[PDB]
Amino acid sequence: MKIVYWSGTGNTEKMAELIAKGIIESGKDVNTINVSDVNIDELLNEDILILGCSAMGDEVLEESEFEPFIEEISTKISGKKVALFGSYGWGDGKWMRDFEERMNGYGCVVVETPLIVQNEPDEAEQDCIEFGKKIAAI
Ligand SMILES: Cc1cc2nc3c(=O)[nH]c(=O)nc-3n(C[C@H](O)[C@H](O)[C@H](O)COP(=O)(O)O)c2cc1C
């Protein structure tokens, strides 16, 4: 499986690692890829797309790298299963509610409730691992 993410301070990156840990514990392999090193062609062969990005700007996806990536794959993911996650700060998840609506609008099936964690996953570490285990059971 593959997990693609963007992280500005490491919060979402740590979530990605924990999610991968859950998938591995369930007995499956998975690679974590920073959005800047993703190969869209290889990624589209995946059964499930696991995507993560922290809340940036005014409750939007990161603009210089992550958003263009989503825009690029948007026309080629109809029917694909997706799992969404990310870290946020002072808001209450607006960027994620919009991210989920967007992916659904592209025809994707959002498999689980998106996982959002405030700042660094501290107390939420097991939650991240469990999210990975849920995706591995798909
Ligand atoms: C420029 C900027 C804008 C942000 N905008 C938001 C926002 O609209 N709402 C929010 O909840 N957090 C916002 N945050 C806080 C980040 O989402 C939060 O610090 C998160 O933990 C960062 O995760 P990362 O290290 O994976 O990027 C913003 C952070 C930065 C640097």
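Residues carry numbers counted from 1 along their chain as the sequence is written. These may differ from the entry numbering, and residues without coordinates are not shown. Just so you know, side-chain values use all the structure's heavy atoms and leave hydrogens and water out.

Per the PDB record, the structure was determined using X-ray crystallography to 1.65 Å resolution.

Go over the overall build of the chain with me, naming the residues and quoting the values.
Summing up its helical and strand segments, the chain has five helices and six strands in all. The order of helices and strands in the chain, counted from the N terminus, is β-α-β-α-β-α-β-α-β-β-α. We compute the radius of gyration over the C-alpha atoms and compare it with the globule rule, which gives 2.2 Å times the number of residues raised to the power 0.38. The C-alpha atoms of the chain give 13 Å as radius of gyration, which agrees with the globular expectation for 138 residues (14 Å, within 12%). Taken over the C-alpha atoms alone, the chain extends approximately 35 × 35 × 25 Å along its principal axes. Within the chain, residue pairs in contact and separated by at least 24 positions form 78% of the contacts whose partners lie at least 6 positions apart. Accessible surface area values rest on a Shrake-Rupley calculation with a 1.4 Å probe, where residue burial reflects the displayed protein chains alone. In the structure as shown, the chain presents an accessible area of about 6800 Å², 41% of it carried by carbon and sulfur atoms. This count recognises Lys and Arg as positive and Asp and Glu as negative, with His and chain-terminal groups excluded. In this description, the location of a charge corresponds to atom NZ of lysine, CZ of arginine, CG of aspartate or CD of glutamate. Averaged over its 12 positive side-chain charges, the chain has a centre that lies 7 Å from the centre of its 28 negative ones. Secondary structure elements follow DSSP: runs of H or I of four or more residues count as helices, runs of E of two or more count as strands, with numbering from the N terminus. Here a residue-residue contact requires only that any non-hydrogen atoms of the pair lie within 4.5 Å.

Residues and numbers for the pairing of strand β2 (residues 31-34), please.
Strand direction decides the pairing type here: strand β1 (residues 2-6) and β2, joined by four bridges, are parallel. Pairing of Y5 across the sheet is with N34, part of β2. Here a strand pair is declared whenever DSSP counts at least two bridges between the two strands.

Report on the environment of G105, specifying residues and quantitative values.
Looking at the secondary structure, you find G105 in helix α4 (residues 94-105). For the pair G105 and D29, spaced 76 residues apart in sequence, the C-alpha separation works out to 29 Å.

Quick rundown of the side chain of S7? Include the residues and the values.
Here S7 is to be found in the loop between β1 and α1 (11-25). Two N or O atoms form a polar contact when they lie within 3.5 Å of each other; inside protein one atom must be a possible hydrogen donor and the other a possible acceptor, and for residues adjacent in sequence the pair counts only when both atoms belong to side chains. Polar contacts involving the side chain of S7 include one to the main-chain amide nitrogen of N11, which spans 3.3 Å. Looking at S7, its side chain comes within polar contact range of the main-chain nitrogen of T12, at 3.4 Å.

Before we move on, can you summarise the site of the ligand with the specific residues and values?
Think of it this way: one heavy atom of a residue within 4 Å of a molecule or strand is enough to make that residue near it. Neighbouring the ligand are 18 residues; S7, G8, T9, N11 and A55 lie closest to it. Separating an oxygen atom of the ligand from a backbone N or O atom of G8 is a distance of 2.7 Å. Protein contact buries 78% of the 640 Å² of open area that the ligand shows by itself. For the shell around the ligand, the secondary structure elements donating two or more residues are α1 and β4 (81-88). Classifying every residue of the shell around the ligand by side-chain character gives five nonpolar, 12 polar and one charged. Classification used: nonpolar for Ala, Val, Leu, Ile, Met, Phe, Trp, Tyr, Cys and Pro, charged for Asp, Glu, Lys and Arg, polar for all others including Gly.

Pulling in residues and values, what's your account of the UniProt feature "domain: Flavodoxin-like" in the chain?
UniProt positions are given in the numbering used here, feature names are shortened, and annotations may be inferred rather than shown by experiment. Under the present numbering, the feature "domain: Flavodoxin-like" in UniProt falls on residues 1-136. As a span, residues 1-136 carries 38% helix and 21% strand, and end to end its C-alpha atoms are 9 Å apart.

Please give an account of the nonpolar core that cites residues and values.
If you look at the biggest cluster of nonpolar residues, it comprises 26 residues, and the most contacted ones within it are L51, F66, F69, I70, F99 and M103. Looking at this core, the elements with two or more residues in it are β1, α2 (40-43), β3 (48-53), α3 (66-73), β4 and α4. Not counting chain neighbours up to four residues away, the residues in contact with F69 comprise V4, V35, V38, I40, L43 and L51. Residues belong to one nonpolar core when they are buried, are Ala, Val, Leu, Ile, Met, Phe, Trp, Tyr or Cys, and are joined through side-chain atoms within 4.5 Å. Only protein chains enter the accessibility calculation, which uses a 1.4 Å probe. A residue is then buried if its area is under 20% of the maximum for its type, exposed if over 50%, and partly exposed in between.

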